[PDB]
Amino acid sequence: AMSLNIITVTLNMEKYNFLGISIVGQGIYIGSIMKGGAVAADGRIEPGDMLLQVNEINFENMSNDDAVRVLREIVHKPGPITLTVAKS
């Protein structure tokens, strides 16, 4: 029962305006993590992690443009953000 290295992270976003991440690729990967963001504060998500799902949206075959657009609309809405990432 070796780990599949799939981790799910729920951020409450009460104290943070933004995830504070950049993304690369077209899978979609965490390119970098910004200081002062909810992701940096939580600390679980790292650069090179592959983005599988954020809230109700799957990211597995999505353009970089479409990924940036969807993430803004998700971060714009108030309430928790759940990210599912592949660490392998």
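If you superpose the two forms and keep the largest set of C-alpha atoms that fall within 1.5 Å, you have the rigid core. Counting begins at 1, following the sequence as shown.
Comparing the two stretches 3-11 and 77-85 by root mean square C-alpha distance in 4 other deposited structures of this protein, with all structures fitted on the core, the more displaced one is 3-11. Where coordinates are absent for parts of the deposited sequence, a chain break appears; between neighbours residue 53 and residue 54 there is no such break. Between the stretches 34-42 and 53-61, it is 34-42 that shows the larger average CA temperature factor. Taking only CA atoms, the mean B-factor in the PDB entry is higher for 9-17 than for the other of 9-17 and 66-74.
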